[PDB]
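**Q** File model_37.txt below, compact mmCIF, C-alpha atoms:
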# COMPACT_ATOMS: atom_id res chain seq x y z
CA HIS B 1 0.17 3.02 -21.83
CA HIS B 2 2.70 1.59 -19.37
CA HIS B 3 5.54 4.13 -19.26
CA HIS B 4 5.36 5.98 -15.96
CA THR B 5 8.11 6.55 -13.42
CA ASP B 6 5.81 5.47 -10.59
CA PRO B 7 5.45 1.66 -10.70
CA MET B 8 2.13 1.97 -8.88
CA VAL B 9 0.77 4.15 -11.68
CA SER B 10 2.22 1.72 -14.22
CA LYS B 11 0.37 -1.20 -12.66
CA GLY B 12 -3.06 0.41 -12.94
CA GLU B 13 -2.48 1.94 -16.37
CA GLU B 14 -1.34 -1.43 -17.73
CA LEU B 15 -4.74 -2.93 -16.91
CA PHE B 16 -6.58 -0.25 -18.91
CA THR B 17 -4.43 -0.07 -22.02
CA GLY B 18 -6.58 -0.81 -25.02
CA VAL B 19 -10.26 -1.67 -25.10
CA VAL B 20 -11.71 -3.50 -22.08
CA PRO B 21 -15.02 -5.42 -22.17
CA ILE B 22 -17.60 -4.40 -19.57
CA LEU B 23 -20.48 -6.32 -18.02
CA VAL B 24 -23.06 -4.56 -15.84
CA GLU B 25 -25.65 -6.33 -13.70
CA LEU B 26 -28.22 -4.48 -11.64
CA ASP B 27 -30.95 -5.80 -9.37
CA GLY B 28 -33.40 -3.10 -8.38
CA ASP B 29 -36.45 -2.47 -6.26
CA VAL B 30 -38.14 0.95 -6.43
CA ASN B 31 -41.28 1.33 -4.31
CA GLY B 32 -41.69 -2.45 -4.56
CA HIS B 33 -41.34 -2.58 -8.36
CA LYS B 34 -38.61 -5.19 -8.82
CA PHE B 35 -36.48 -5.10 -11.94
CA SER B 36 -33.13 -6.20 -13.30
CA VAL B 37 -30.82 -4.66 -15.90
CA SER B 38 -27.98 -6.29 -17.83
CA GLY B 39 -25.47 -4.28 -19.80
CA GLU B 40 -22.57 -5.00 -22.11
CA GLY B 41 -20.04 -2.88 -23.90
CA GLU B 42 -16.50 -1.64 -23.94
CA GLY B 43 -14.38 0.99 -22.23
CA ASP B 44 -11.32 2.75 -23.61
CA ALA B 45 -9.64 4.68 -20.80
CA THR B 46 -7.11 6.27 -23.17
CA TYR B 47 -9.97 8.38 -24.56
CA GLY B 48 -12.20 8.27 -21.48
CA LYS B 49 -14.76 6.55 -23.69
CA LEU B 50 -17.53 4.14 -22.70
CA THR B 51 -19.98 2.46 -25.06
CA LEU B 52 -22.69 0.40 -23.32
CA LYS B 53 -26.05 -1.14 -24.17
CA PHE B 54 -28.39 -1.92 -21.27
CA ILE B 55 -31.46 -4.15 -21.34
CA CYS B 56 -34.20 -4.46 -18.76
CA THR B 57 -34.47 -8.22 -18.31
CA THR B 58 -37.71 -8.22 -16.29
CA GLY B 59 -39.86 -6.44 -18.87
CA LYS B 60 -40.65 -2.73 -18.78
CA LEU B 61 -38.31 -0.58 -16.70
CA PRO B 62 -40.45 0.99 -13.93
CA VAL B 63 -38.30 4.15 -13.72
CA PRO B 64 -36.89 6.39 -16.47
CA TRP B 65 -33.65 5.15 -18.01
CA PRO B 66 -31.86 8.49 -17.40
CA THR B 67 -32.29 8.03 -13.65
CA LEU B 68 -30.02 4.95 -13.77
CA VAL B 69 -27.14 6.39 -15.80
CA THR B 70 -24.93 7.30 -12.86
CA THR B 71 -25.58 3.95 -11.17
CA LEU B 72 -24.88 1.83 -14.26
CA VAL B 73 -17.50 2.57 -14.01
CA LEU B 74 -15.30 5.56 -13.32
CA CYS B 75 -12.13 3.48 -13.77
CA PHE B 76 -12.56 4.29 -17.49
CA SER B 77 -12.05 8.03 -16.90
CA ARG B 78 -9.20 9.58 -18.84
CA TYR B 79 -6.70 10.94 -16.35
CA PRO B 80 -4.20 13.34 -17.97
CA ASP B 81 -0.61 12.19 -17.62
CA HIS B 82 0.18 14.84 -14.99
CA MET B 83 -2.78 13.65 -12.90
CA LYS B 84 -2.33 9.88 -13.07
CA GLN B 85 -1.07 9.71 -9.47
CA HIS B 86 -4.62 10.74 -8.44
CA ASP B 87 -6.47 7.88 -10.19
CA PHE B 88 -7.91 5.98 -7.24
CA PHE B 89 -10.21 3.96 -9.50
CA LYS B 90 -7.53 2.21 -11.52
CA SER B 91 -5.21 1.79 -8.52
CA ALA B 92 -7.79 -0.41 -6.76
CA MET B 93 -7.75 -2.88 -9.69
CA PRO B 94 -7.92 -5.75 -10.33
CA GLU B 95 -9.31 -6.60 -6.86
CA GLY B 96 -11.73 -3.72 -7.29
CA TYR B 97 -13.69 -1.27 -5.20
CA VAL B 98 -17.09 -0.82 -3.61
CA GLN B 99 -19.11 2.15 -4.82
CA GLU B 100 -21.95 3.27 -2.55
CA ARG B 101 -24.38 6.08 -3.21
CA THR B 102 -27.46 7.76 -1.89
CA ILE B 103 -29.27 9.74 -4.60
CA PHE B 104 -31.86 12.26 -3.39
CA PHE B 105 -34.39 13.25 -6.03
CA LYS B 106 -35.57 16.69 -5.01
CA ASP B 107 -39.20 16.64 -3.85
CA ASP B 108 -39.29 12.90 -4.50
CA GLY B 109 -37.76 9.61 -3.34
CA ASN B 110 -34.21 8.38 -3.04
CA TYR B 111 -32.07 5.62 -4.48
CA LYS B 112 -29.61 3.73 -2.31
CA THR B 113 -27.05 1.80 -4.32
CA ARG B 114 -24.16 -0.51 -3.59
CA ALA B 115 -21.93 -1.86 -6.32
CA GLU B 116 -18.80 -3.95 -6.59
CA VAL B 117 -16.55 -3.08 -9.52
CA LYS B 118 -13.79 -5.56 -10.29
CA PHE B 119 -12.21 -7.70 -12.99
CA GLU B 120 -13.49 -11.20 -13.72
CA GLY B 121 -10.75 -12.44 -15.99
CA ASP B 122 -10.41 -9.85 -18.76
CA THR B 123 -13.87 -8.39 -18.18
CA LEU B 124 -14.61 -5.35 -16.02
CA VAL B 125 -17.77 -6.16 -14.04
CA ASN B 126 -20.10 -3.74 -12.27
CA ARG B 127 -22.58 -5.61 -10.03
CA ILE B 128 -25.17 -3.34 -8.42
CA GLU B 129 -27.99 -3.54 -5.90
CA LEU B 130 -30.42 -0.63 -5.96
CA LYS B 131 -33.14 0.17 -3.42
CA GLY B 132 -35.52 3.05 -4.09
CA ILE B 133 -38.03 4.33 -1.56
CA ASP B 134 -40.41 7.22 -0.87
CA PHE B 135 -41.19 7.99 -4.53
CA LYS B 136 -44.46 9.67 -5.51
CA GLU B 137 -46.34 7.26 -7.75
CA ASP B 138 -47.00 10.09 -10.23
CA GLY B 139 -44.01 12.36 -9.62
CA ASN B 140 -41.43 12.83 -12.34
CA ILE B 141 -39.81 9.43 -11.73
CA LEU B 142 -42.62 6.89 -11.38
CA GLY B 143 -44.67 9.15 -13.68
CA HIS B 144 -42.07 8.91 -16.48
CA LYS B 145 -41.90 12.64 -17.11
CA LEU B 146 -38.16 12.84 -17.80
CA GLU B 147 -36.78 13.51 -21.27
CA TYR B 148 -34.63 10.79 -22.84
CA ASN B 149 -31.40 12.77 -22.83
CA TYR B 150 -28.58 13.65 -20.51
CA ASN B 151 -26.56 16.67 -19.44
CA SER B 152 -22.86 17.26 -18.80
CA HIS B 153 -21.64 17.36 -15.21
CA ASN B 154 -18.69 17.88 -12.92
CA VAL B 155 -18.08 15.13 -10.36
CA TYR B 156 -15.92 16.47 -7.55
CA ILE B 157 -13.64 13.87 -5.94
CA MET B 158 -12.06 14.13 -2.48
CA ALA B 159 -9.91 11.72 -0.55
CA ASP B 160 -11.43 9.95 2.46
CA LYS B 161 -8.19 9.06 4.25
CA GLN B 162 -10.09 7.47 7.15
CA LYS B 163 -11.58 4.89 4.76
CA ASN B 164 -8.56 4.50 2.43
CA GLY B 165 -11.00 5.64 -0.24
CA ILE B 166 -12.72 8.58 -1.81
CA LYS B 167 -15.94 10.50 -1.47
CA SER B 168 -17.89 12.62 -3.90
CA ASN B 169 -20.99 14.79 -3.92
CA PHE B 170 -22.44 16.16 -7.13
CA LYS B 171 -25.71 17.26 -8.66
CA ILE B 172 -27.29 15.66 -11.69
CA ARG B 173 -29.89 17.66 -13.60
CA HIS B 174 -32.57 15.67 -15.45
CA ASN B 175 -34.60 17.52 -18.06
CA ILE B 176 -38.38 17.24 -17.51
CA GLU B 177 -40.63 17.05 -20.56
CA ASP B 178 -42.19 20.44 -19.74
CA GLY B 179 -38.84 22.24 -19.89
CA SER B 180 -38.11 22.20 -16.15
CA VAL B 181 -35.43 20.18 -14.34
CA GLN B 182 -35.44 17.38 -11.79
CA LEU B 183 -32.43 17.65 -9.51
CA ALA B 184 -30.76 14.47 -8.25
CA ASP B 185 -28.28 15.10 -5.44
CA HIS B 186 -25.62 12.36 -5.36
CA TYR B 187 -23.60 11.33 -2.31
CA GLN B 188 -20.91 8.78 -3.03
CA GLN B 189 -18.19 6.84 -1.26
CA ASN B 190 -15.72 4.36 -2.73
CA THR B 191 -13.56 1.93 -0.78
CA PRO B 192 -11.10 -0.70 -2.02
CA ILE B 193 -11.94 -4.39 -1.89
CA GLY B 194 -8.31 -5.41 -1.51
CA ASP B 195 -6.06 -4.60 1.40
CA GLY B 196 -3.17 -3.39 -0.77
CA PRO B 197 -2.21 0.26 -1.18
CA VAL B 198 -4.23 2.59 -3.37
CA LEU B 199 -3.65 6.04 -4.81
CA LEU B 200 -5.39 8.67 -2.67
CA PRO B 201 -6.13 11.76 -4.77
CA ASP B 202 -5.82 15.45 -4.17
CA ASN B 203 -9.12 17.25 -4.77
CA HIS B 204 -10.08 17.25 -8.45
CA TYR B 205 -13.10 16.65 -10.62
CA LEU B 206 -14.34 14.49 -13.47
CA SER B 207 -16.02 16.22 -16.39
CA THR B 208 -18.71 14.04 -17.97
CA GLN B 209 -20.69 14.05 -21.20
CA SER B 210 -23.25 11.42 -22.15
CA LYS B 211 -25.39 10.66 -25.18
CA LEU B 212 -28.43 8.40 -24.91
CA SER B 213 -29.79 6.57 -27.93
CA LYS B 214 -31.92 3.62 -28.99
CA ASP B 215 -31.14 0.49 -31.00
CA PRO B 216 -33.71 0.55 -33.85
CA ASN B 217 -33.71 -3.26 -34.04
CA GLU B 218 -34.20 -3.82 -30.29
CA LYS B 219 -37.71 -4.66 -29.06
CA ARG B 220 -36.78 -5.02 -25.39
CA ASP B 221 -36.76 -1.96 -23.14
CA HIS B 222 -33.20 -0.68 -23.35
CA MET B 223 -30.75 2.22 -23.37
CA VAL B 224 -27.63 2.77 -25.47
CA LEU B 225 -25.06 4.95 -23.75
CA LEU B 226 -22.04 6.78 -25.10
CA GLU B 227 -20.10 8.50 -22.37
CA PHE B 228 -16.85 10.47 -22.07
CA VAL B 229 -15.26 11.15 -18.69
CA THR B 230 -12.11 13.26 -18.28
CA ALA B 231 -10.32 14.18 -15.08
CA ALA B 232 -9.43 17.83 -14.57
CA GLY B 233 -8.77 20.51 -11.96
CA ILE B 234 -5.04 20.03 -11.30
CA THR B 235 -2.40 22.23 -12.97
CA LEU B 236 1.12 21.35 -14.14
CA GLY B 237 4.45 23.05 -13.43
CA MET B 238 6.97 24.38 -13.66
CA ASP B 239 5.22 27.76 -13.43
CA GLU B 240 4.46 27.23 -16.27
CA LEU B 241 5.66 24.80 -18.98
CA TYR B 242 4.22 27.26 -21.52
CA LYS B 243 5.14 30.52 -19.78
As a first step, turn the structure in this file into structure tokens.
**A**
Amino acid sequence: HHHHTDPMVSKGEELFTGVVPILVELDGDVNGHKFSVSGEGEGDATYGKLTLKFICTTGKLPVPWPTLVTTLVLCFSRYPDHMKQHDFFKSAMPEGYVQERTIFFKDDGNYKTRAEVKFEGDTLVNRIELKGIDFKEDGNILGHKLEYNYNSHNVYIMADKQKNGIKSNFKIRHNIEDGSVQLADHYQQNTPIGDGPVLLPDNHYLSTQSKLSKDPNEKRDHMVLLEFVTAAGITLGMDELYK
């Protein structure tokens, strides 16, 4: 997937041709419950497809697995050909980028996360620190009242020219077991690790869909994740190719 007239686009797309192995490492502390998660799988940016299996390595996960989905690699998003000049995530590779979030759970606590996403050899690595505070010990999160499923979202991306990066704010809706919803308001910033140039995007969004499952042979606390992410929101000329 190398053939683009912009050699900067070609550089990033070359790194994500074919299937790329992924390693995810998370160290977490929510209301003083310390935990760690390790994940492995593969990403295929041509289809916007991620397949990952996560394991809690400290025992039982003290929060619901769905609450960690957004924290646990947007460089695997499928950017349509006419939008590839807006793919900040791949342009920052292989040196990588920092991804920082604050996630406000409505009427509950908040997660603060900081992750470095970069290549180690052939492997795309996402290393995360998560701090969670101000949770109600029997609210929907520490009370484990969320359904084991996941909804589709739109992640709106804007350039942050002051930071040579991007910002995003989006809402995640978690289904509660009683039929209601737990809102999680996400605030995000990404900045490159390297000092080289990056692609700064026009406003656009990522459309996400995720399926959560379990490994029937796995006795450890875990989550299997299938996710598709596609960029959208920018049109193509010339006014119009099909008009």
**Q** Show me, as a PyMOL selection string, the residues that have an atom within 6 Å of residue 37 of chain B when counting only C-alpha atoms, minus same-chain residues fewer than 2 positions from it.
**A** chain B and resi 25-26+55-57
**Q** May I have the selected residues written with C-alpha atoms, as a PDB file, in the frame of the given file?
**A**
ATOM      1  CA  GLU B  25     -25.650  -6.330 -13.700  1.00  0.00           C
ATOM      2  CA  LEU B  26     -28.220  -4.480 -11.640  1.00  0.00           C
ATOM      3  CA  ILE B  55     -31.460  -4.150 -21.340  1.00  0.00           C
ATOM      4  CA  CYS B  56     -34.200  -4.460 -18.760  1.00  0.00           C
ATOM      5  CA  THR B  57     -34.470  -8.220 -18.310  1.00  0.00           C
TER       6      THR B  57
END
**Q** When you count all atoms listed in the file, which of these residues is closest to residue 88 of chain B: B:45, B:197, B:132, B:59?
**A** B:197
**Q** Could you state the separation of atom CA of residue 149 of chain B and atom CA of residue 224 of chain B in Å, given to one decimal place?
**A** 11.0 Å
**Q** Measure the distance from atom CA of residue 17 of chain B to atom CA of residue 48 of chain B in Å and round it to one decimal.
**A**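 A separation of 11.4 Å between them.
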**Q** Mind giving me the straight-line distance from atom CA of residue 95 of chain B to atom CA of residue 81 of chain B in Å, one decimal?
**A**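 Computing it gives 23.3 Å between the two atoms.
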**Q** Rebuild segment 71-96 of chain B so that it carries N, CA, C and O atoms, then output the result as an mmCIF file, in the coordinates of the input.
**A**
data_model
loop_
_atom_site.group_PDB
_atom_site.id
_atom_site.type_symbol
_atom_site.label_atom_id
_atom_site.label_comp_id
_atom_site.auth_asym_id
_atom_site.auth_seq_id
_atom_site.Cartn_x
_atom_site.Cartn_y
_atom_site.Cartn_z
ATOM 1 N N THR B 71 -25.743 5.223 -11.867
ATOM 2 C CA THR B 71 -25.580 3.950 -11.170
ATOM 3 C C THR B 71 -24.924 2.920 -12.074
ATOM 4 O O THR B 71 -23.974 2.236 -11.677
ATOM 5 N N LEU B 72 -25.403 2.816 -13.310
ATOM 6 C CA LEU B 72 -24.880 1.830 -14.260
ATOM 7 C C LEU B 72 -23.500 2.186 -14.770
ATOM 8 O O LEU B 72 -22.661 1.302 -14.968
ATOM 9 N N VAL B 73 -18.783 3.250 -13.879
ATOM 10 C CA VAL B 73 -17.500 2.570 -14.010
ATOM 11 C C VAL B 73 -16.439 3.627 -14.245
ATOM 12 O O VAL B 73 -15.881 3.753 -15.323
ATOM 13 N N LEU B 74 -16.160 4.394 -13.193
ATOM 14 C CA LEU B 74 -15.300 5.560 -13.320
ATOM 15 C C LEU B 74 -13.832 5.207 -13.502
ATOM 16 O O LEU B 74 -13.028 6.113 -13.737
ATOM 17 N N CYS B 75 -13.469 3.924 -13.405
ATOM 18 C CA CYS B 75 -12.130 3.480 -13.770
ATOM 19 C C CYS B 75 -11.828 3.677 -15.250
ATOM 20 O O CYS B 75 -10.663 3.546 -15.630
ATOM 21 N N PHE B 76 -12.819 3.997 -16.084
ATOM 22 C CA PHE B 76 -12.560 4.290 -17.490
ATOM 23 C C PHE B 76 -12.390 5.779 -17.769
ATOM 24 O O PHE B 76 -12.336 6.185 -18.936
ATOM 25 N N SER B 77 -12.315 6.599 -16.723
ATOM 26 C CA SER B 77 -12.050 8.030 -16.900
ATOM 27 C C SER B 77 -10.672 8.215 -17.491
ATOM 28 O O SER B 77 -9.746 7.457 -17.193
ATOM 29 N N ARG B 78 -10.526 9.225 -18.340
ATOM 30 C CA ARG B 78 -9.200 9.580 -18.840
ATOM 31 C C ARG B 78 -8.567 10.517 -17.829
ATOM 32 O O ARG B 78 -9.055 11.630 -17.618
ATOM 33 N N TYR B 79 -7.493 10.063 -17.192
ATOM 34 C CA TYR B 79 -6.700 10.940 -16.350
ATOM 35 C C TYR B 79 -5.531 11.463 -17.166
ATOM 36 O O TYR B 79 -4.761 10.650 -17.701
ATOM 37 N N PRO B 80 -5.389 12.783 -17.313
ATOM 38 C CA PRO B 80 -4.200 13.340 -17.970
ATOM 39 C C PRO B 80 -2.936 12.822 -17.313
ATOM 40 O O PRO B 80 -2.906 12.550 -16.114
ATOM 41 N N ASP B 81 -1.871 12.731 -18.112
ATOM 42 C CA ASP B 81 -0.610 12.190 -17.620
ATOM 43 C C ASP B 81 -0.176 12.841 -16.306
ATOM 44 O O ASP B 81 0.259 12.146 -15.381
ATOM 45 N N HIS B 82 -0.298 14.161 -16.195
ATOM 46 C CA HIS B 82 0.180 14.840 -14.990
ATOM 47 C C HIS B 82 -0.722 14.638 -13.791
ATOM 48 O O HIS B 82 -0.390 15.104 -12.693
ATOM 49 N N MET B 83 -1.840 13.938 -13.968
ATOM 50 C CA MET B 83 -2.780 13.650 -12.900
ATOM 51 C C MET B 83 -2.893 12.165 -12.581
ATOM 52 O O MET B 83 -3.738 11.773 -11.762
ATOM 53 N N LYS B 84 -2.086 11.312 -13.212
ATOM 54 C CA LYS B 84 -2.330 9.880 -13.070
ATOM 55 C C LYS B 84 -2.042 9.364 -11.665
ATOM 56 O O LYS B 84 -2.557 8.302 -11.298
ATOM 57 N N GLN B 85 -1.264 10.096 -10.865
ATOM 58 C CA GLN B 85 -1.070 9.710 -9.470
ATOM 59 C C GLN B 85 -2.327 9.897 -8.634
ATOM 60 O O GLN B 85 -2.332 9.471 -7.472
ATOM 61 N N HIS B 86 -3.384 10.504 -9.182
ATOM 62 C CA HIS B 86 -4.620 10.740 -8.440
ATOM 63 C C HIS B 86 -5.747 9.805 -8.852
ATOM 64 O O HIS B 86 -6.891 9.993 -8.410
ATOM 65 N N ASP B 87 -5.448 8.783 -9.656
ATOM 66 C CA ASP B 87 -6.470 7.880 -10.190
ATOM 67 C C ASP B 87 -6.688 6.739 -9.203
ATOM 68 O O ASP B 87 -6.126 5.649 -9.326
ATOM 69 N N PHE B 88 -7.540 7.006 -8.211
ATOM 70 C CA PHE B 88 -7.910 5.980 -7.240
ATOM 71 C C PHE B 88 -8.519 4.768 -7.938
ATOM 72 O O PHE B 88 -8.224 3.623 -7.585
ATOM 73 N N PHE B 89 -9.380 5.014 -8.925
ATOM 74 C CA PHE B 89 -10.210 3.960 -9.500
ATOM 75 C C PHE B 89 -9.364 2.859 -10.128
ATOM 76 O O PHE B 89 -9.631 1.671 -9.932
ATOM 77 N N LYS B 90 -8.354 3.234 -10.912
ATOM 78 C CA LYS B 90 -7.530 2.210 -11.520
ATOM 79 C C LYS B 90 -6.587 1.572 -10.507
ATOM 80 O O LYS B 90 -6.245 0.393 -10.652
ATOM 81 N N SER B 91 -6.188 2.318 -9.468
ATOM 82 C CA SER B 91 -5.210 1.790 -8.520
ATOM 83 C C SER B 91 -5.793 0.667 -7.687
ATOM 84 O O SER B 91 -5.045 -0.176 -7.186
ATOM 85 N N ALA B 92 -7.114 0.645 -7.518
ATOM 86 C CA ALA B 92 -7.790 -0.410 -6.760
ATOM 87 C C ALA B 92 -7.931 -1.702 -7.543
ATOM 88 O O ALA B 92 -8.352 -2.705 -6.961
ATOM 89 N N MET B 93 -7.597 -1.706 -8.832
ATOM 90 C CA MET B 93 -7.750 -2.880 -9.690
ATOM 91 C C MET B 93 -6.520 -3.789 -9.600
ATOM 92 O O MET B 93 -5.421 -3.306 -9.321
ATOM 93 N N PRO B 94 -6.693 -5.098 -9.860
ATOM 94 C CA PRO B 94 -7.920 -5.750 -10.330
ATOM 95 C C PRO B 94 -8.877 -6.195 -9.219
ATOM 96 O O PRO B 94 -9.985 -6.621 -9.545
ATOM 97 N N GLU B 95 -8.454 -6.129 -7.952
ATOM 98 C CA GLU B 95 -9.310 -6.600 -6.860
ATOM 99 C C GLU B 95 -10.605 -5.810 -6.790
ATOM 100 O O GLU B 95 -11.662 -6.355 -6.438
ATOM 101 N N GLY B 96 -10.536 -4.515 -7.082
ATOM 102 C CA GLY B 96 -11.730 -3.720 -7.290
ATOM 103 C C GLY B 96 -12.066 -2.806 -6.127
ATOM 104 O O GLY B 96 -11.311 -2.649 -5.162
#
